[PDB]
Structures are given as structure tokens and as C-alpha cells.
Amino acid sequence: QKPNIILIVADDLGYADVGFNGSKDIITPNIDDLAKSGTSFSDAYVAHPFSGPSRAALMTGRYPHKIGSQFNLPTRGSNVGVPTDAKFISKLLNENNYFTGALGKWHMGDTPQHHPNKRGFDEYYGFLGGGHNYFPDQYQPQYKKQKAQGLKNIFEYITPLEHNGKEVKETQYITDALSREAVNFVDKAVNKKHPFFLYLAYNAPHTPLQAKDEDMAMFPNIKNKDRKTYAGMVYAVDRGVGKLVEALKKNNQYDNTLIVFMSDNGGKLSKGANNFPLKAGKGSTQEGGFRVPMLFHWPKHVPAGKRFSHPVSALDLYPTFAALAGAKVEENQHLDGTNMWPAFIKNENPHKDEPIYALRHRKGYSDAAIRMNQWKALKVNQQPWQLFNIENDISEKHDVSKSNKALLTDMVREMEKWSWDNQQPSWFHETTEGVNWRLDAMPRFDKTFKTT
């Protein structure tokens, strides 16, 4: 039989905020179990250092730049989204006989054609925008008050959740709610001859910082208020993963299920997170912004107790899942990742002599990153290109560009070459951001790929 696949994605999870990736203060035993009896990844990179584009990339297998999705969708709502001509991994799997489910955060389009149920997800339970308030007792009264005033543009963090299009009245803390529905999904899946795919998109530990008192009580030694709340949010995810894991064991699903656990981007230091030993955090092209924790777990298939030290991209998940599912992939889909399993099993670099990119736009310029073999190229804050031996210098403290001029110049030029089929953005997260984009003649790649 072909394996079941679960992709679990935390939102704004810091590099050092789970036990298996070095957390000395937050405790995540159920997630750590999956690590201990599976393989974790010390060099795992998402395709963009924040949510919308990173998630677009997970589902499509393409850098968000190639499909006009370089920015988060408009915060106050919109009728646009990740283009429909890039087939989602869920759609492909559904076409090769998988029962498909998506839970929690979407952030890839509110309209009918961009909805999870038209991107190849049989079941969906969650909220369509960038995040959500965690307590129904807080958020449902506010929404009711505003809808009765006649307002149509309501902040999406307080709007109702939905199940396959129809609104619901959620009763639990959201992290637990999604965990409950993850159980319900795998339970529904037992009564089918088909294998299953589940995209579990937790909004924790993303703002707003809201945790159950019961979870926070587990971290009495954490004296900082925001960090303690953050910790409780993360522990709530861990309880969920443990609850899912039990349901999988109960159903004899555990053994033929590949579980991936990761973050969508780096942690935000001002909102409770820790990215040790990486520099900076969310949104940055420093390692802190797009290098994330990740583990695979699949008994008798994924090695137990290993730590894989070569680069892996979130882009690889698409063709990798497809190869494991026996689903055909077409050359016209323009996948930017690679099926990493053959290299993974031989403990070899799946991106041997090949770059992994990050390009994030700012006001009138762009920050960039390149990861190839031991090297990390970095363009940030309008400075000249720096270069790091990232294997010796994970914190990016020692720029060795002066003694590798030819190598750095080469990497940047390859990025310049790669840039040409990037589409103009189909939207921006705010109206003024698009106005400034047009005003500044963006992209200003003359600044971005100038060399020393």
C-alpha cells in the first residue's frame, strides 16, 4: 500500500522552540518522540521568510515569485489568490486516489476558486486568512456585536470558522479544536480503501499571544510574561500532536504514515520566539527568517534517531510526496524543488552543487539569500553581498567575501539568471505597498544583483 502523508505546519515557530531542535525551556515531548524515532533536519529551509508565499510554495512546489505570490494577501480582504493553474499537491494526491484534508490556517485565497475544496481538499475545517483569535469566548461576542451593527469588513481574526464552506460555532481553544478535527479526519479515513493526506496548519504560536492557563502552569520557571504565554501555545500544539499520534496508533495508521512537522517561517523575537543559534528572525534573509525546524517520521522507512545535516527545501516536499504516492509529475508544472528521498536514504546532499534561494521585498529594494553546499550568500539592509561558511559560522558573524570574490560573484549571477521568470506580483499585503512598488520601478534588481 502507498503511504498516508501528514504535513504539520506551525506558524511563526522559532528555531529553538521545540525540544529536538535545542529548546532548553519549552518542553515538547510528543513532537520530540517523533524526532527520537525518526529523522530531524538541521538545514531545512522554507521558500520565503513569511507565511503566504511560504505556504504557496509548499502546495505548488514552486518559488512564490514564479507565480506572482511574493507577498501576503491583503490584510483587510480580497478576491485574489494563489493562481489556479499551479496544481496543488493536495489536488495531485486526490487525483491519485488520496482522501484529502486541510485544517486551520489557509492564507492562500478567500474566493470560491481559491478555496481549499477547489484546491483538491475533500475536507476543510479552519479560517481562511492570516491568523485567528484563540478563544471563542472572546472572539464570538465581538463578531456578533459588529455584524449586528451592519459592518461588512470585519477583521478576519474574529470571524467564524467554517467546515467545507458552512460556518460553525467553535467551542474550544483553537489549537485544541484543530487537534480534535485532525483526530476526526484520520478516523473518517479508516472507513475507506484509500490512503490519506492531511495538511494540519496550526496558527500557533503566531500572534495574538493567547494560551490556556493550564498550559502556562507547566512553565512556572519562565519569568518573562510573553515567553511563558508563547511556551503554553507551543505546548498546546504538542498535546495536539500527541492526540493525533494516539488516534493514528488506535487505527493502525501510525506505521504506514509519513509525518512531517515544520514551521512556515522563522520565529518573531518581539512576539515570544527564540531562533538560537540563528541570527535575526521572521521575514529576514538571515538564517533566522527561513531556516526552520523539521522532522520526518515513518517507521521502517525513515531512519530512527538520525539528524540529517544537508540542505532541504520546502519545495522538495511536492515531488517527494508525489514519488512516494506513485503520482506522476509533468515537465510543464515547472517544479522548483527535487524528490529528495534517493539522496536522503544515502545520506547525501539532495541540493549538491545547487542553490536554495530566498528573496524578500522591502521598500524600493530587496533582501536575498543563497544556500549552496557550505556557503551562504547574503544581501540585506542595502549592504554589499556578504558570504559565510555557514557550516562553521551558523550565526553569520564572519563575512569571508574578500577571500572568495569569484565564488560570490558567480552565485549572485546565477541568482540574477534565475530572477528573469519571476512574475510581477499579482497583489500586495497593503494598498500603499503596491503603490510604492510601482513608484520605485520594482523590482530593483540592479541593486539586488550588483557585485563587488
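Residue numbers run from 1 along the displayed sequence.
With 67-75 and 109-117 compared on mean CA B-factor from the PDB entry, the stretch scoring higher is 109-117.
When the two stretches 189-197 and 309-317 are set side by side, the higher mean Cα temperature factor goes to 189-197.
Across the options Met216, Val168, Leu359, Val292, the residue with the most elevated CA B-factor in the record is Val168.
In this PDB entry, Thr207 carries a Cα temperature factor that places it within the lowest third of its chain's modelled residues. When all modelled residues of the chain are sorted by CA temperature factor, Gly126 is found within the middle third. Compared with the other modelled residues of the chain, the Cα B-factor recorded for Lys282 ranks in the lowest third.
Among the modelled residues of its chain, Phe155 has a C-alpha B-factor that falls in the highest third according to the deposited record. In this PDB entry, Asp85 carries a Cα temperature factor that places it within the middle third of its chain's modelled residues.
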